[PDB]
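Structure at a glance
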Amino acid sequence: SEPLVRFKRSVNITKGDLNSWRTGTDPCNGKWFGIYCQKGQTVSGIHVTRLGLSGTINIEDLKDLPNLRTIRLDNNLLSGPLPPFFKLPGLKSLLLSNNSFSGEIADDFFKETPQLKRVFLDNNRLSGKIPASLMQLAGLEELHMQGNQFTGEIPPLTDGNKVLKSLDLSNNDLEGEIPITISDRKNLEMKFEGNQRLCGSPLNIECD
Ligand SMILES: *[C@@H]1O[C@H](CO)[C@@H](O[C@@H]2O[C@H](CO)[C@@H](O)[C@H](O)[C@H]2NC(C)=O)[C@H](O)[C@H]1NC(C)=O
Ligand SMILES: *[C@@H]1O[C@H](CO)[C@@H](O)[C@H](O)[C@H]1NC(C)=O
């Protein structure tokens, strides 16, 4: 569990240090900063933030951690397309706040990620239509996508979801009627401000 983690460290970091993720030491000894471990034995989360990570994530390295469940890479400089996080089958928490990931996410990106409870993609530069499969996750509880450049209509949310309690789509450029699959729910903190073109809604604008 040491060599793949330091494959992942060896991309591009511009602010701060390892320090350290030594290749010949166990990452659950308690010295490895920013690592979480199930039961003091195996790696289950990566939590590294504000290091100016400017390189590229190679998810084949992260696939060699079989019980990794949480990734939190908030406030770095990661850019390019969104890496294929769907290749990690047990992933529960994907936190990539304030990075610079760009481009359109494949609509089928979340077809085979039923374990995801939390997806924070806010304040990147993602574009082009929220993937419909994201809104088909029955177990998605927290989805924060504010501050991107998403366009098009919001996909409907499946009735199979009974746990979504926080949805933030503010400050994008979304268009259609806000789906009543979302707005009817009485336990859902939802946010849609700063989305001109958007109507229906908890917002006070018809639609039409
Ligand atoms: C994403 O970036 C913003 C900008 O820094 C963070 O929001 C600010 O957070 C500071 C705390 O350091 C607050 O004092 C400001 O009021 C916040 N400003 C705004 C406009 O929200 C935000 O927390 C970052 N997201 C994460 C997860 O760290
Ligand atoms: C990583 O850094 C090296 C030099 O430090 C550079 O050649 C390479 O292009 C960088 N890659 C990314 C994705 O920033």
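Scoring rules and cut-offs
- Residues numbered from 1 in each chain as written, not as in the entry; some residues may be left out.
- Chains lettered and ligands numbered in written order.
- Heavy atoms only, no water.
- Residues with missing side-chain atoms left out of burial classes, pairs and counts.
- Pairing = 2+ DSSP bridges.
- Helix = DSSP H or I, 4+ residues; strand = E, 2+ residues; numbered from the N terminus.
- Axes fitted to C-alpha atoms, helices over the stretch in contact; angles between N-to-C directions.
- UniProt positions renumbered as here; feature names shortened; annotations may be inferred.
- Salt bridge = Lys/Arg side-chain N within 4 Å of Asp/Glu carboxyl O.
- Buried < 20%, exposed > 50% of the residue type's maximum accessible area, 1.4 Å probe, protein only.
- Near = heavy atom within 4 Å.
- Areas by Shrake-Rupley, 256 points an atom, 1.4 Å probe, with all protein chains shown as cover.
- Disulfide = S-S within 2.5 Å.

- As stated in the entry header, the method of structure determination is X-ray crystallography and the reported resolution is 2.496 Å.

1. Looking at the sheet that holds strand β1 (residues 35-38)
- The strand order across the open sheet formed by 8 strands is β1-β2-β3-β5-β7-β9-β10-β12, and the pairing between neighbours is mixed. Taken across any chain shown, the strands that pair with only one partner, and hence form the sheet edges, are β1 and β12 (189-191). Between one strand axis and the next, the sheet turns by 15° as a mean value, whatever way the strands run.
- Bridging between β1 and strand β2 (residues 42-47) involves 4 bridges; their strand directions are antiparallel. Bridge assignment links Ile35 to a residue of β2, and that residue is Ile46.

2. Some details on the UniProt feature "repeat: LRR" in the protein
- Taking the numbering used here, the UniProt-annotated feature "repeat: LRR" corresponds to residues 65-90, 92-112, 113-137, 138-161 and 163-185.
- When the span residues 65-90 is considered, its composition is 0% helix and 19% strand, and the gap between its end C-alpha atoms is 10 Å.
- Span residues 138-161 is 0% helix and 12% strand, its end C-alpha atoms 4 Å apart.

3. Focus on the pattern of salt bridges
- Evaluation of the coordinates by the stated rule reveals 8 salt bridges.
- Note that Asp74 and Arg72 form a salt bridge whose closest N and O atoms lie 2.9 Å from each other.
- Here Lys165 and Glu142 are joined by a salt bridge, their closest N and O atoms 3.4 Å apart. In this pair, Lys165 sits in the loop between β9 (142-144) and β10 (166-168) while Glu142 sits in strand β9, placing the two residues 23 residues apart along the sequence.
- Looking at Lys165, the relative accessible area reads 43%, which means it is partly exposed.
- Linked through salt bridges whose partners overlap, the residues forming this network are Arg118, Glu141, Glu142 and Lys165.

4. Focus: the site of ligand 1
- As a matter of local geometry, ligand 1 sits amid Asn75, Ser97 and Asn98.
- Within the complex, 22% of the 600 Å² of free accessible area of ligand 1 lies under protein.

5. Thoughts on the state of the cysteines
- Applying the stated rule across the entire model yields 2 disulfides.
- Note that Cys199 is cross-linked by a disulfide to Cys207, the S-S spacing being 2.0 Å. Between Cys199 and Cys207, the S-S torsion sits near 50°, and that sign places the bridge as right-handed.
- Going through the protein in sequence order and numbering each bonded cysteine, the pairs you get are 1-2, 3-4.

6. So, the UniProt feature "disulfide bond" in the protein
- The sulfur-sulfur separation between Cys28 and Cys37, a disulfide according to UniProt, is 2.1 Å, below the 2.5 Å limit, so the bridge is formed here.
- Overall, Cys28 belongs to the buried group, its relative accessible area being 14%.
- For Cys37, a relative accessible area of 25% translates into the label partly exposed.
- Look at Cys199 and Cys207: UniProt pairs them in a disulfide, and at 2.0 Å between sulfurs the bond is present in this structure.

7. Notes on unusual backbone geometry
- The amide bond that connects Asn19 to the next residue, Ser20, takes the cis arrangement and shows omega of -5°.
- Tracing the sequence through the fold places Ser20 in the loop between α1 (3-9) and β1.
- For the peptide bond that leads from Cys207 to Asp208, omega is 10°, which places it in the cis range.
- Assignment of secondary structure puts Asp208 in the segment after β13 (199-200).
- Of note, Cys207 is a non-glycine position whose phi angle comes to about 50°, a positive value.
- Relative to the helices and strands, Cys207 resides in the segment after β13.

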